[PDB]
Amino acid sequence: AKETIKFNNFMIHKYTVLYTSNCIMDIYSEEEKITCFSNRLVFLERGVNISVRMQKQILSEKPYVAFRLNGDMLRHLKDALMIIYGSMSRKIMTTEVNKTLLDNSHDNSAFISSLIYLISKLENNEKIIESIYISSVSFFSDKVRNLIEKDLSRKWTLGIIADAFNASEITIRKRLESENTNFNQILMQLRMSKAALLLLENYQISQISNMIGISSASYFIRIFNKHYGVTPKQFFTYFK
Amino acid sequence: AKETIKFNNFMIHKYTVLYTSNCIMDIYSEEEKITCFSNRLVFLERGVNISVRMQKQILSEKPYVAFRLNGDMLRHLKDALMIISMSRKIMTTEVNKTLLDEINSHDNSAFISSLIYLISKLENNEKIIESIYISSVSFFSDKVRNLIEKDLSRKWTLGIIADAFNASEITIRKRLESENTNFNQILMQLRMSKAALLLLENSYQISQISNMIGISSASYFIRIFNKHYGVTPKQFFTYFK
């Protein structure tokens, strides 16, 4: 009912640590599945587009508490953990209740220390550090993403990106297909992630379409309902 | 009485975090003084020769609990924290949850992480990170120490060190005097630190600690220890029981 939701194409654009205060979710890959339980912390690699089926316990509250890491913060944490330490199961990893998490979020300096501390206290840290390092790599898809990000309003083509990257169209094609993506999908993922964030933020549908680059908001509603499978209102009400 | 002791020339050869479980100590500089209170945590720089006057609460236990950092661990911690006057070399603080701190103390991938955590939680961390960086620098005196550390038994001269460092004797002299030390003093500090580390081991005895540190006669070593630290080796052993 109103406790359960099933949205697809969920892109972890930044490395996200995720509690499960008010939800039991099943995270789906193209071939794998990971069930996150309630009162547990989950580490999510950046660059992971996935489908989630959630089960809220209380209908009135948000399903979970999430914390994102900037690219900047992700590279400093990677460098710090490398100084210190020297498949879907590798990219999404849940753990036991910290039982002592005390929530920072405004002083990276204090935050990065606490994150290093939590990782050091956790077990099986090799895979956590591995996910950190992997998510700290600027793949070719990330560079095209950064390019498009500057003007989501602008209508891009493969030739524009190719000229910007000083390459041929087929080169960009095969690079993105080896990254398991494409230019159109990259663009859509960026726009729809910004749209979801803005929905849970204080733009609204009347202007989110324009902010992300779509002129007509009805087309944006249909495109959101296609990408995530949930109408923008259902997405808003499940996280409210 | 035996609750109080006053030993001089206490060299913090490794960056040491120091609790005060069973003591109230007064650290003395050539011109400054710092009184560490009971049930506190103390931060000390590497390369610090000081005097201490301690006051144990229970005569039967050790006065405090200390934790040292290897040069390797100190350099990692410095690099990690960079990624993330006597008052600027010795800094005490208050703690409530060292229960978390316990940790295993037998690893670098975990200890320095928990230490970073403690520092992040401690306010006024600026001077702490300062002390870390300063103690992570290999001064010329540290290079001479490392050279001598190889063969403490060997009898060194200023000319041997100078030839090893490809320099003149007066150069080594002025370098060490700018570091507020000298070759003979460097040697004495190294030997006497080891002596104290060889002490409180309850496994090694004077009859052989002098030989390990390079002194042939153990009576001369007793007199030299009682001169350097001001406490007879037996008093030093009994205060840290």
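Using a simple spin-label model with pseudo-atoms 7 Å out from Cα toward Cβ, residue A:30 and residue A:1 lie 3.8 nm apart.
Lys and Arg at +1, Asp and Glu at -1: add these up for the other residues within a Cβ distance under 14 Å of residue B:130 and post the number.
On the way: positive: B:46, B:78, B:88, B:89, B:127; negative: B:45, B:126.
With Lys, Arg at +1 and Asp, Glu at -1, the net is +3.
Rounded, prolate or oblate for segment B:46-107? Axes are the square roots of the Cα gyration tensor eigenvalues, ordered a ≥ b ≥ c, and the cut-off for rounded is a/c under 1.5.
On the way: a/c = 1.90, a/b = 1.34, b/c = 1.42.
In terms of gyration-tensor shape, oblate.
In terms of its Cα atoms, segment B:167-224 spans 41, 20, 19 Å along the principal axes, sorted from long to short.
Shielding value for B:217-225 is 0, the average number of Cβ atoms from other chains within 10 Å of each residue's Cβ. The orientation-averaged shadow of the Cα convex hull for the protein assembly as shown, equal to a quarter of the hull surface, comes to 30.8 nm².
For residue B:217 and residue B:146, compute 0.36 nm times the residue count separating them, minus their Cα-Cα distance, and round to one decimal in nm.
Values: separation 71, 0.36 × 71 = 25.56 nm, distance 2.46 nm.
In short, 23.1 nm is gained.
The helix-based estimate of mean residue ellipticity at 222 nm for chain A, built from -39,500 (n - 2.57) per DSSP H run of four or more residues and divided by its residue count, is -14000 deg cm²/dmol to the nearest 500.
Electrostatic tally near residue B:74: other residues with Cβ closer than 11 Å to its Cβ, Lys and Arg +1, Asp and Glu -1, net +2. A protection proxy built from the mean count of other Cβ atoms within 10 Å ranks the segments B:36-44, B:203-211, most packed first, as B:36-44, B:203-211.
For peptide A:119-131, what's the mean number of Cβ atoms from other chains within 10 Å of each residue's Cβ? Working shown, then result.
Numbers: counts 3, 10, 6, 0, 0, 0, 3, 0, 0, 0, 1, 0, 0.
Mean partner-chain Cβ count within 10 Å for A:119-131: 2.
Between the C-alpha center of segment A:43-58 and that of segment A:99-152 there is a gap of 16 Å. For a test of the definition: using alpha carbon positions, the gyration tensor, and the 1.5 limit on a/c, classify segment B:1-143 as rounded, prolate or oblate. It is oblate, given that a/c is not under 1.5 and a/b is not larger than b/c. Shown is the FRET efficiency for residue B:197 and residue B:154, computed with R0 = 25 Å from the Cβ-Cβ distance and rounded to the nearest 0.05: 0.80. Judged by the gyration tensor of its Cα atoms, with axes a ≥ b ≥ c, chain A is oblate; a/c meets the 1.5 cut and b/c is at least as large as a/b. For peptide B:151-162, the mean count of partner chain Cβ atoms within 10 Å of a residue's Cβ comes to 0. Using a cut-off of 30 Å between Cα atoms, the listed pairs A:99/B:62; A:2/A:78; A:33/A:56; B:14/B:174; A:33/A:121; B:6/B:89 include A:99/B:62; A:2/A:78 as exceeding that distance.
Values in this text are rule-based calculations from the coordinates and carry no lab data. Every residue, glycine as well, gets a Cβ built from its backbone with ideal geometry; the counts of neighbours run over all protein chains shown.
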